[PDB]
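One structure is given here, and the rest of the page talks about it.
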Amino acid sequence: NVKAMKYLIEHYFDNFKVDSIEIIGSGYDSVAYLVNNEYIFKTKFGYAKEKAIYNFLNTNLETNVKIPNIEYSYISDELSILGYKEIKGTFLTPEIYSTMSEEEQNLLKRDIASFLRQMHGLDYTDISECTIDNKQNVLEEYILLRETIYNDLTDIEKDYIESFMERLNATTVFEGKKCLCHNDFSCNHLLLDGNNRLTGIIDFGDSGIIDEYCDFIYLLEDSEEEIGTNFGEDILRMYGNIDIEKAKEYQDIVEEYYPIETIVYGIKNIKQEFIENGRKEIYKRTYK
Ligand SMILES: Nc1nc2c(ncn2[C@@H]2O[C@H](COP(=O)(O)OP(=O)(O)NP(=O)(O)O)[C@@H](O)[C@H]2O)c(=O)[nH]1
Ligand SMILES: [Cl-]
Ligand SMILES: [Mg+2]
């Protein structure tokens with residue numbers, strides 16, 4: 001993989017020489033590479049929006065928090081590559097957080113809240129095409145379910161989905177303030193400097209104009225990978241002027257949707273393994 005990608009980087013970016021290249025991360029349909037111990041290259045076989053977002057934010061944010069600044073891009077239907085200088089630091093984790101003093105933890109939370117406040121406050125007219133309607137997306141995904149596999153699902157599966165749609169239809173949490181959100185704001189995207197302060201934020205690949213509540217979904221998550229509900233709550237108090245009970249209702253609805261989202265990903269990409277994982281996850285959730 002590394003040789004192919006070294007070839008493509010050198011072929012598409014004329015004067016660029018690859019002296020070293022390793023895989024630094026990978027998703028289910030992308031790979032990220034650290035090149036020359038100094039550049040991140042994110043690749044995929046979309047990136048246009050992500051690039052337009054980095055470029056919008058590097059123009060308009062006033063902050064000492066670093067974000068990707070795109071120096072190299074190649075965008076086509078069949079291949080997309082974004083390259084930028086690696087932001088240096090350590091990724092925030094539960095382990096690191098629990099070793100911080102009370103005052104270190106407070107300052108980190110203040111940093112986060114301040115970043116979010118600043119980004120959510122931007123005039124988003126120049127990026128106004130990047131709208132995301134989560135409720136409408138879910139309805140369209142449900143229609144796709146009904147057109148494909150819904151009738152072969154079990155009753156326990158069908159009840160879970162219907163019960164979710166009844167809840168979606170009763171909620172008011174999509175009727176609030178819209179703004180530009182990171183939209184994948186988990187602690188594996190936050191970088192700390194040597195004083196445990198926020199030095200950088202990565203992966204605005206899902207960013208767009210969407211509910212303000214979106215950027216608290218992971219901050220409020222209780223799981224091995226995130227810090228915890230209390231972290232999110234304190235950040236919400238520092239951020240201010242936001243209904244904390246609704247932020248939590250929004251997180252709770254998104255977490256309920258997860259197995260259905262997983263099924264849908266499998267339908268859209270013809271990956272049976274994902275249809276099966278989501279269906280199984282419905283059974284796991286039902287038997288708590
Ligand atoms: N230190 C550092 N690591 C980075 C940087 N950019 C990317 N990475 C590393 O590369 C990984 C993948 O980058 P990312 O943008 O999150 O990839 P993705 O394709 O959007 N995947 P996902 O949405 O699943 O997080 C990150 O988890 C991190 O390990 C950067 O600026 N600095
Ligand atoms: Cl299946
Ligand atoms: Mg991403």
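We're numbering straight along the sequence, starting at 1. Start at 1 and go down the list; that is how both ligands and their atoms are numbered.
In this structure, atom 24 (O) of ligand 1 has no protein heavy-atom contact shorter than 4.0 Å.
Residue contact check: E86 has heavy atoms under 4.0 Å from atoms 1 (N), 2 (C), 31 (O), 32 (N) of ligand 1. Residue contact check: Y84 has heavy atoms under 4.0 Å from atoms 5 (C), 6 (N), 7 (C), 31 (O) of ligand 1. Each of the following atoms of ligand 1 lies closer than 4.0 Å to a heavy atom of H189: 16 (O), 25 (O). Remark: ligand 1 atoms within the under-4.0 Å shell around heavy atoms of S30 are 19 (O). Counting atoms of ligand 1 from 1 in the listed order, those under 4.0 Å from a heavy atom of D184 are 23 (O).
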- Starting from the C-alpha separation in whole Å, work towards a yes-or-no answer on side-chain contact (heavy atoms from CB on, under 4.5 Å) for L122 and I127. CA-CA 10 Å; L122 293 171; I127 206 62; over 6 Å; no

- Query: Would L168 and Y257 count as a side-chain contact (heavy atoms from CB on, under 4.5 Å) if you check the C-alpha gap in whole Å, the side-chain angles of each, and the deciding distance to 0.1 Å?
  - Reply: CA-CA 10 Å; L168 190 73; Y257 191 66; over 6 Å; no

- Dump the intermediate steps for side-chain contact (heavy atoms from CB on, under 4.5 Å) on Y84 and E71, then the final yes or no. CA-CA 5 Å; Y84 57 88; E71 299 187 19; 5.7 Å; no

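Only the side chain of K42 comes within 4.0 Å of ligand 1, counting heavy atoms alone; its backbone N, CA, C and O stay farther away.
If you check which protein heavy atom lies closest to atom 12 (C) of ligand 1, you get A32 CB, 3.9 Å. For atom 11 (C) of ligand 1, the nearest non-hydrogen atom of the protein is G25 CA, 4.3 Å. The closest protein non-hydrogen atom to atom 26 (C) of ligand 1 is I202 CD1, 3.7 Å. In this structure, atom 3 (N) of ligand 1 lies nearest to the protein heavy atom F91 CZ, 3.6 Å.
Comparing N69, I87, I67 against atom 1 (N) of ligand 1, the shortest heavy-atom distance belongs to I87. The residue among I24, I40, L34 with a heavy atom at the shortest distance from atom 4 (C) of ligand 1 is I40. Compare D203, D29, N188 by their heavy atoms: the one nearest to atom 22 (P) of ligand 1 is in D203.
Checked by atom type and distance alone, the side chain of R117 pairs as donor or acceptor with a backbone atom of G240 at under 3.5 Å. Proximity of a side-chain donor or acceptor of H189 to a complementary backbone N or O of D184 within less than 3.5 Å is detected. With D215 contributing its side chain and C181 its backbone, the two residues share no donor-acceptor pair below 3.5 Å.
In this structure, NZ on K271 lies 13.0 Å from OG1 on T262, to the nearest 0.5 angstrom.
The only member of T171, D243, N134 that meets side chain to side chain donor-acceptor pair (under 3.5 Å) when paired with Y250 is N134.
Under the side-chain hydrogen bond (donor to acceptor under 3.5 Å, both in side chains) criterion, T172 pairs with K246, not counting sequence neighbours.
At least one side-chain heavy atom of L139 sits less than 4.5 Å from a side-chain heavy atom of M165.
By the neighbour-count criterion of 12 heavy atoms within 6.0 Å, atom CD of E95 is sparsely surrounded, having that number or fewer from other residues, nucleotides or ligands. At most 12 non-hydrogen atoms from other residues, nucleotides or ligands lie less than 6.0 angstrom from CG of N64.
Using a cutoff of 4.0 Å between basic side-chain nitrogens and carboxylate oxygens, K178 and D211 are scored as salt-bridged.
By the 4.0 Å heavy-atom criterion, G27 is excluded from the residues contacting ligand 1.
Around the Mg ion (ligand 3), the protein N, O or S atoms closer than 2.8 Å are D203 OD1, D203 OD2, listed by chain and residue number.
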